[PDB]
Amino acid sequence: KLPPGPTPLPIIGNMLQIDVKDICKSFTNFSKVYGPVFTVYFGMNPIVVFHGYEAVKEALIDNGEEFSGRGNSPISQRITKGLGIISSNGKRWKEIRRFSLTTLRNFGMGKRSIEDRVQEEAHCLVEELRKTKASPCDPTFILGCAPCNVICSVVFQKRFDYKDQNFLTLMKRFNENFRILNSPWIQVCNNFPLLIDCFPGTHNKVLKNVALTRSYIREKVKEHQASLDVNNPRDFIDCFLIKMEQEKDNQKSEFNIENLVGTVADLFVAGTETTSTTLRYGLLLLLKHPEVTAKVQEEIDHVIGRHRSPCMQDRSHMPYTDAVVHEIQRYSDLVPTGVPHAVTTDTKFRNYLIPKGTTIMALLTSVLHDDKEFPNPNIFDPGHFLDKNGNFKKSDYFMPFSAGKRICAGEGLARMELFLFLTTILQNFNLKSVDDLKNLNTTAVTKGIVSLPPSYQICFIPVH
């Protein structure tokens, strides 16, 4: 007995009842008719949707174990093969994530903290923006390089030089597989697999890129193997290799060259375009909101000064900027529908039974936009994370990284990259818009699984 829901048409479920261009709007509308929990069918597939804090929490958190399964999909399986962390489940998942989480702690991979890799990058970033000579530009590409390089310096050792050819194709490929796989069409194709045949070129293009990336990562892992100094790991690959060596006698062990290549790939996928997007969105919101960028730069000046690059320890003494980064994430609403889950076994939810394997969808956006927890949930306002005395006010409704057992495996890095990149930038540049601010649109183009900020141009004017 699944939760209530629209009546499905025998073969295509409720597909033609939901706008694939903005399926979140469709879901919100269904909740107005069926309530917090409801079932909809994408083709033959039943998807139970959780909408609102009470429901999302009850599911993701209170029943975390049952809801910690990754929502399967033909396209994910063909590419990842159940390998790595993003698309794995059960034991293999539990083990890889557990290892990943620890080797991604600030000092979980050697003498060089992750924070220091981010700072080196935040630095190279401003020196690039510096090169645009205050002229108007589309930050998209340049902003996307930073997050990509962070991941590079987290898994491969040192960062790449922005001009490095290897770095640029390794990036244009992820950016390519991203622009393709984030199309509403993939959602359709995932439920009606036959449709993939209607896209031979695109199909080949993806697998082609997945080939080149994987084989490249594999080249790197051999490099890391030849130079492996077990006493002091340089990066994610050294740590994983070290771990392999230990489980060596075990042929059950998930830690093998297979999961390694996948997990590194997963890291690029899971941490590049997301961060990049929130970054662009963030700069855009700061551009549109001059009064906010000002207090941030005032806080930066008052705590960090003009003779020292910001660091994570400062965030503790910068409640406003903290509220700003949280509001940026709360407004960006990067993944409105959250990433699909799947219950691990027959699961009881209130007066409903959800059969093992059923696909779950916890509407993060419904949390992030709770009109009671965040009055005027649709306006960008740091006050949403600020108390009467200007102190940061954490919220339970802050779920942009999801929640429960499967919450973003890189929340820390994500938040770190956002705080260091944004501050390091505002400390060195002022944001000027090409046109009149009123003409500046900040409404997201919520097509596909990841929302994107509208396109825009910006001038980075170095400060004096």
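Only the largest set of C-alpha atoms that superpose within 1.5 Å between the two forms is called the rigid core. So that there is no doubt, residue numbering starts at 1 and follows the sequence shown.
Peer 1: If the other structures are each fit on the rigid core, which stretch ends up farther away in C-alpha terms in 4 other deposited structures of this protein, 70-78 or 374-382?
Peer 2: Stretch with the higher C-alpha RMS distance in 4 other deposited structures of this protein: 70-78.
Peer 1: Fitting on the rigid core only, I'd like to know which of the two stretches, 270-278 or 245-253, ends up farther away in Cα terms in 4 other deposited structures of this protein.
Peer 2: It is 245-253 whose C-alphas lie farther from the shown form in 4 other deposited structures of this protein.
Peer 1: Between 28-36 and 433-441, which has the higher average C-alpha B-factor in the PDB entry?
Peer 2: Comparing averages over the C-alpha atoms only gives 433-441.
Peer 1: What stretch has the higher average Cα B-factor here, 364-372 or 235-243?
Peer 2: Going by the record's values, the stretch with the higher mean is 235-243.
Peer 1: Can you pull the Cα B-factors for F160, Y331, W185, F268 from the entry and say which is highest?
Peer 2: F160 has the highest C-alpha B-factor of those listed.
Peer 1: Looking at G64, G410, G52, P400, which has the highest CA B-factor as recorded?
Peer 2: That would be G64.
Peer 1: Please place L286 in the lowest, middle or highest third of its chain according to the CA B-factor in the PDB entry.
Peer 2: Lowest third, going by the recorded CA B-factors of the chain.
Peer 1: Could you tell me which third, lowest, middle or highest, the C-alpha B-factor of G90 occupies within its chain?
Peer 2: Its C-alpha B-factor, which the entry lists for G90, ranks in the middle third among residues of this chain.
Peer 1: Select lowest, middle or highest to describe the third in which the CA B-factor of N250 falls within its chain in this entry.
Peer 2: For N250, whose C-alpha B-factor we compare with every modelled residue in the chain, the answer is the highest third.
Peer 1: Would you mind checking where the Cα B-factor of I449 ranks among the modelled residues of its chain, as the lowest, middle or highest third?
Peer 2: Middle third - that is where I449 ends up once the chain's C-alpha B-factors are sorted.
Peer 1: For the chain shown, is the CA B-factor of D381 in the lowest, middle or highest third of its modelled residues?
Peer 2: Tercile = lowest for this residue's CA B-factor.
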